[PDB]
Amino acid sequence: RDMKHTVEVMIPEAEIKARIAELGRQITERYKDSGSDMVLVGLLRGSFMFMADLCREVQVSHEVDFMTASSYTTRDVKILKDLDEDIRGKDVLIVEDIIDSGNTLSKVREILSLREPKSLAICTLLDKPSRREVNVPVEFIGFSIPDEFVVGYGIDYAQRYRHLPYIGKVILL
């Protein structure tokens, strides 16, 4: 949190926009013939930018909701802020910025599943298979990256760089 560093571009703004466009088309095809109500659920705070760009590329009538989970050395996954709307009998797509361990995301899916939605999938922008500690079903993935320390596009470093339009790598000096 307190180290001399700099930031290089890893995934340019244009690459993200192109990849999200594709994701939008995939998500659209998977839920266009569903009929039931659909809702995209974002995990604050990292997902807000990804959510904003993604939901615009989804050509299906859907709702947008958010929830906040507890961040932590091993502790219970607690809900700091639940969803505003109901999800039972609905198509729910959890929208994440990045999956590493998948601990929090695994628990969140369990909690949501109890509310018995019609379907329940996960869409993450970044994925680190390397750091996975729990196997979680992830239907849509934007980028698979090695264990690199990335920032930008909602992802922070000591609350910094959330507003970068590009995914960047931090170089410790």
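For clarity, a rigid core is taken as the largest C-alpha set superposing within 1.5 Å between two forms. Residue numbers here begin at 1 and follow the sequence given.
Between 48-56 and 63-71, greater CA displacement relative to the shown form is found for 63-71 when the structures in 5 other deposited structures of this protein are fitted on the core.
124-132 and 26-34 differ in mean CA B-factor, and the higher of the two is recorded for 26-34. Mean CA temperature factor is higher for 133-141 when stretches 51-59 and 133-141 are set side by side in the entry. Ranked against the other modelled residues of its chain, the C-alpha B-factor of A14 as given in the entry falls in the middle third. Annotation for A21: C-alpha temperature factor in the middle third relative to the rest of the modelled chain, per the entry.
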